[PDB]
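Below you will find one chain, with nothing else, as structure tokens; this is the form deposited in one PDB entry, and questions on how it binds or moves follow later.
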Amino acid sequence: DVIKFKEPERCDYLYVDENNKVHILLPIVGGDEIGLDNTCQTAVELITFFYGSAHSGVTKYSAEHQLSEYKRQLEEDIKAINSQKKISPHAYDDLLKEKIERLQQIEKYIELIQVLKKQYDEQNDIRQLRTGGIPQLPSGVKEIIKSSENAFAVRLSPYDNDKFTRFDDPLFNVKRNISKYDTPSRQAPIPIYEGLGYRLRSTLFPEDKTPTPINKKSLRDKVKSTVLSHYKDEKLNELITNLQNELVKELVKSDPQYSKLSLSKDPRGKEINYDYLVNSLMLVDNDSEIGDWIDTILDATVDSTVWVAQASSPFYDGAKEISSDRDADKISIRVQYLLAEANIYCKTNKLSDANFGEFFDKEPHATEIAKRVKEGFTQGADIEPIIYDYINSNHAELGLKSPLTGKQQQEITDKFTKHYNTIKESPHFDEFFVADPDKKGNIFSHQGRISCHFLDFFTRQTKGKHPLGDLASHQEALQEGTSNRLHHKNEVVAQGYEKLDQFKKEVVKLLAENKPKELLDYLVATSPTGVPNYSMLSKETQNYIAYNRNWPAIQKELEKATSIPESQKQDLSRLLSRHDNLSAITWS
């Protein structure tokens, strides 16, 4: 007497597009744009996909399990709809068609998984997810990644590196030490004394263990220092002019509207002179230092809201100096990842096909860039533009036809900051998989996973020896979408239910306005597939209409009608007259 529809608007690995085509997304790693799984744990999503897993206090079921649950739910819904066709033959014909299409596709997908595991795993390429100590990505996935146009792996040189990298075709790549795991005792790496990593680490905190100072100055202090750099009545004017120039010069970078800023007068129009600053405001005297003059002029002319600081860089985390090998390692890895991010930006934007690591590992670049970064930290300067200026000085040799513009540099900085803040607590920094779901490619973003199309992998893994049948065009159908960011739920499923509610509202509306002819007209109106609207009748709407002040009028109108087939007239007389009770319907 009540029907709850079970098919949910969300399922793991399941994406249903606007044309009711079912796509199953095979996960590579967790993440949105940058992969959260690295080294040993790289395989944990594919393990979960194929066999389920239980870790980190969470229990995750296989795709086959989840899709079978889904199927079962669809079958319940279908059975529930067909029970109503015993009362009204047309009941929910469109919702039913859609559900059956989905069901059929899902059954085919479950078949494909089953036969993949059973019949096309002679080399145990997939079983090894279950049995191998530290699993490899299966070959098909490696092929997808290697041939990918919007996702790329980058591999770095942390001092204490891990040999268990799992992305074998990195775009960005630098020389590394010999992992401790390649030694008997498994405690410490065998160092190499060349390459980018070594020069960074060894320049930032050297063998004599002399610390590198980090003098991160604010906007205010940057200006005050730069201005005081020129020092040991007109003097006051020169001071104020140079000061204003530097201040506005620095301020117009975040907001051009600071162009109109003046330090020559106070807010009330009073002029900044000796008598005012020494005798009205008593903040300075004849023998006061210049810093105090600057401070006072600033205090006199600008309000506090000007000194709000810009977003911080990953390179400046609040330490006053690089005082250990570990700090040098951290900074080294940040610089490396910045370069990697540049490299990725250039690959995806078709500016270069080169590997920047190959370049920056060579001398004298490895030494020079480390030198400049150290100086930069010591001078309190922005680290990213150093790297950018060095790249631009060598853009030809890095495969770039032209230098990186300010816009592109800033975009790189934004991506680097965003991504690096996401992974900064990672146990291992050896490699990262970075995807761009805003660009054409075979890698997607769906439900917190960086994925590929399952049929892509299936075709690649079975080598085309198993026909896809009805699913032969889905891979290409998903590529036709405007984005590789797939919504986490399936609107096409929800709209199925929304249409029923819309029916209810329309019925209630046409009843309230006391129009019987239009209500009948509405009930017998067809969808684009030729299905009468009254196929969406349920207990609620049946009762709304049957028990209404207007029903006798609708009945007379229904008797008069000549355009309606007798079967539908009979359905309506039977369902709306006062044995033949439709169930109530609801959903999740």
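Take the two forms, superpose them, and find the largest set of C-alpha atoms that agree within 1.5 Å; that set is the rigid core. The first residue of the sequence shown is number 1, and the count goes up from there.
The same protein also has a form deposited in another entry, omitted here; what follows describes it.
Taking the core as reference between the shown form and the other one, the lone member of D299, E149, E111, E411 whose Cα moves by 2 Å or more is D299. In the core-superposed comparison between the shown form and the other one, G31 has its Cα shifted by less than 2 Å.
After superposition on the rigid core, the Cα of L277 moves by 2 Å or more between the shown form and the other one.
In a rigid-core overlay of the protein, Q568 has its C-alpha displaced by at least 2 Å between the shown form and the other one.
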